[PDB]
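Chains, contacts and geometry: an overview
Single-letter residue listing:
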Number of protein chains: 2
Amino acid sequence: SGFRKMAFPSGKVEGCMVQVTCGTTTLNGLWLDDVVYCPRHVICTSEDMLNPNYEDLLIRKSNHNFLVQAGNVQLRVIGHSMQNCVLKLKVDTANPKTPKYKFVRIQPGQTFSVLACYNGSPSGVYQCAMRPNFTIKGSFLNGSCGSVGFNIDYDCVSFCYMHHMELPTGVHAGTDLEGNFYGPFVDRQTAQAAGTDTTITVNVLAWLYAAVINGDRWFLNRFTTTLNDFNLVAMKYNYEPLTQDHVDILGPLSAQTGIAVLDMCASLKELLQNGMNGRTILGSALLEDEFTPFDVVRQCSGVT
Amino acid sequence: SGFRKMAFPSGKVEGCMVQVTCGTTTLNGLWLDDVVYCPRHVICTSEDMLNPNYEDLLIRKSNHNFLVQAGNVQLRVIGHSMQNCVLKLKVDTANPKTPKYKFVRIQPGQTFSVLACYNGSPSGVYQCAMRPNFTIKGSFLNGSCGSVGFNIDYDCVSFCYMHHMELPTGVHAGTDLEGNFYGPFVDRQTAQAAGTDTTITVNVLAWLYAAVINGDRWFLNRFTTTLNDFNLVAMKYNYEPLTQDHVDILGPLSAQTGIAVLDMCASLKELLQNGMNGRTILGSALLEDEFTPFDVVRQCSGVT
Ligand SMILES: *CC(=O)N1CCN(Cc2cccc3ccccc23)CC1
Ligand SMILES: *CC(=O)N1CCN(Cc2cccc3ccccc23)CC1
């Protein structure tokens, strides 16, 4: 019992983290097989950041200008290319610690583990969600970019995130491992506002299921509601619209607690309309939306 | 910027996790050098758990009755001893992945990373604190015991916790790596209530410092207070008494924010007396007490 914001074990990803230096800029790279992936803004001076022409900047750069360090051993760079907003540095050595991996582009509402790194050294690990506005609420200092987000399915690491940006509102933007930004964000020092940060309704409901399973049931009520009726209250409170897909995805949690999804929707409505009245649910004073139904099943069943 | 409940990278500890089976009971063990540490209740049938005589139970057991599996390879057990509430199984092979390590007994209020395991396989990692009542608020299912808590100082892993118990109130009790329980808890199926779960005042203040550093400053006020005056309000709200040691430990955070510790105490008093009024601090609706001053410094400075 007990329910905690849990990251995947970071071991497999620690073995992939290197330091990448281009001139006076050091950040993190991901070393898989004989390629090192890093943010392309590694080639920039902070002056370049106001309006960088990455193609023109990159012409001035040679293989030997990319200093790649794995632990305290230097890797030899034999090739370099730009793919969207990432550089791929070809090294002459395959990472012997390369795990089975995939690059996946995640959907908003989906959760991943971040291994925060500085100078290719891991400092810690936390669980994130891709926000509906394609931002993440990270912990990222200068030197932290090239830090990655991942899921692990048993022995396969699916890389979903590379860290690139902090927005002047202190939230975080980045790319998938093919270098395409989540959201409308660009690797340039320009006015960029995050959109409305809406709540991942299906994740709140999952976390209400997790609460019930873990004995916190005070918020359960005598009421039910409808998708249309529930969604009127969601709208008012900047919650994502709930769909039959979401309801289907909650089915297993429904089945195990024997609480219909729409009854839990009615509980959630009362929580939105009435607040918590100073009470807590799994030790939280607000509604947690960064556990997926899949996350809840995993943590409440002990999947390794 | 941004501030997250961060665990240490779990890599070094993943390489130490094995499965331990005694008859029909499988839990996790920690493999360091040529010793495997596990909870001694591995030798129990759930019938034994009502009033186990561990010495008498252990006489019936031989080296060959302790099945130790590291990944999918069996370790040969050449010795077995009980130290307090842990077994030490001597194996003929030193763990080649043994990191530099220490066993430390932590103080209440101190924080550690947990690597939750099932059948010697890591499922995830989360950050805990030792509560003033010597419980932790974990996520632990059946098979999770022998899962460990740790800190990492650069390359040295200090093991502080091994998981043993869930209390009927769904909080968690366990031992240091010398097998001594934190708190008055015993590895027996008996009436055992956790004491008052008081708030780690120095950790709340640290987390208020972390908030200020990360731009969340609404709760800052025009007031100050005194240790004695602040502690009257702490008492009323089941907060730990604040001492000059605590104030000294906050000094660096004081220095960096230029907010005197006693001014922040006055902010905390107003938060206790007045509540949050529906506002949030670092995305939390209650006062977080599971970051230490040391944790805040680390995360707001990027220590690897
Ligand atoms: C990524 C990291 O660790 N830091 C933040 C980004 N910075 C370079 C950079 C990249 C994109 C946009 C942007 C805007 C303003 C300033 C800097 C920027 C490197 C360090
Ligand atoms: C540790 C774990 O994964 N589980 C919980 C503990 N249980 C055996 C055990 C140990 C101490 C007390 C106690 C009390 C009641 C029932 C079982 C108990 C093994 C599984």
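Points about the site of ligand 1
Residue and element names in this part refer to chain A. All residues in the neighbourhood of ligand 1 are listed as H41, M49, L141, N142, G143, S144, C145, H164, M165, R188 and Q189. One of the backbone nitrogen or oxygen atoms of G143 is found 3.2 Å away from an oxygen atom of ligand 1. Between an oxygen atom of ligand 1 and a main-chain N or O atom of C145, the distance comes to 3.1 Å. Compared with its free state, where it exposes 450 Å², ligand 1 has 75% of that area covered by protein. Grouping the amino acids of the shell around ligand 1 by side-chain chemistry returns four nonpolar, six polar and one charged.

A few points about helix α3 (residues 201–213) of chain B
Residue and element names in this part refer to chain B. For α3, with 13 residues, the first-to-last C-alpha span of 19 Å sits near the 18 Å given by 1.5 Å per residue. When we look at burial in α3, the residues that qualify are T201, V202, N203, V204, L205, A206, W207, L208, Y209, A210, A211 and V212. Where the residues of α3 are buried, they touch α4 (227–236), α5 (244–257), α6 (261–274) and α7 (293–299). Once α3 ends, the next one or two residues include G215, with phi positive near 90°.

Examining the domain arrangement of chain A
Residues and elements named next belong to chain A. Segmentation of chain A into domains returns domain 1 (1–14 + 100–197), domain 2 (15–99) and domain 3 (198–301). On a C-alpha basis, the centroid separation for the pair domain 1 and domain 2 is 18 Å. Summed over both sides, the interface of domain 1 with domain 2 buries roughly 2400 Å², with 56% coming from carbon and sulfur. Considering only the surface of domain 1 that becomes buried against domain 2, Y101, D187 and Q189 emerge as the three largest contributors, covering 23% of it. At the boundary of domain 1 and domain 2, one finds one salt bridge. Close ionic contact of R40 with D187 constitutes a salt bridge, the shortest N to O distance being 2.7 Å. The interface formed by domain 1 and domain 2 holds 20 residue pairs in polar contact in total. At the level of secondary structure, the elements contributing two or more residues to the side of domain 1 that touches domain 2 comprise α1 (11–14), β8 (100–103), β9 (111–118) and β12 (156–166). Among the elements that line the side of domain 1 that touches domain 2, the one with the most residues is β12, at five residues. The class makeup of the residues in the side of domain 1 that touches domain 2 is 13 nonpolar, 14 polar and seven charged.

Describing the sheet that holds strand β7 (residues 86–91) of chain B
All names here are of chain B. Reading across from one edge, β5-β4-β1-β2-β3-β7-β6 is the order of the seven strands in this open sheet, with antiparallel pairing throughout. Edge positions in the open sheet fall to β5 (73–75) and β6 (77–83), since each of these has one partner strand only. Neighbour to neighbour, the strand axes of the sheet diverge by 30° on average, direction disregarded. Here strand β4 (residues 66–70) runs beside β5; their pairing, made up of three bridges, is antiparallel. Counted as the bridge partner of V68 is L75 from β5.

Considering the site of ligand 2
Residues and elements named next belong to chain B. Around ligand 2, the structure places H41, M49, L141, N142, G143, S144, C145, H164, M165, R188 and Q189. Between ligand 2 and the protein, one listed contact pairs an oxygen atom with a backbone N or O atom of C145 at 3.1 Å. In the complex, the protein chains occlude 75% of the 440 Å² of accessible area that ligand 2 would expose alone. Broken down by class, the residue content of the shell around ligand 2 amounts to four nonpolar, six polar and one charged.

The rules we used
Residues numbered from 1 in each chain as written, not as in the entry; some residues may be left out. Chains lettered and ligands numbered in written order. Heavy atoms only, no water. Near = heavy atom within 4 Å. Polar contact = N/O pair within 3.5 Å; in protein donor to acceptor, adjacent residues only side chain to side chain. Areas by Shrake-Rupley, 256 points an atom, 1.4 Å probe, with all protein chains shown as cover. Nonpolar A, V, L, I, M, F, W, Y, C, P; charged D, E, K, R; others polar. Helix = DSSP H or I, 4+ residues; strand = E, 2+ residues; numbered from the N terminus. Expected span 1.5 Å × (residues − 1). Buried < 20%, exposed > 50% of the residue type's maximum accessible area, 1.4 Å probe, protein only. Contact = heavy atoms within 4.5 Å. Domains from an automatic or database assignment. Buried area = accessible area lost by both parts, 1.4 Å probe. Salt bridge = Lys/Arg side-chain N within 4 Å of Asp/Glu carboxyl O. Pairing = 2+ DSSP bridges. Axes fitted to C-alpha atoms, helices over the stretch in contact; angles between N-to-C directions.

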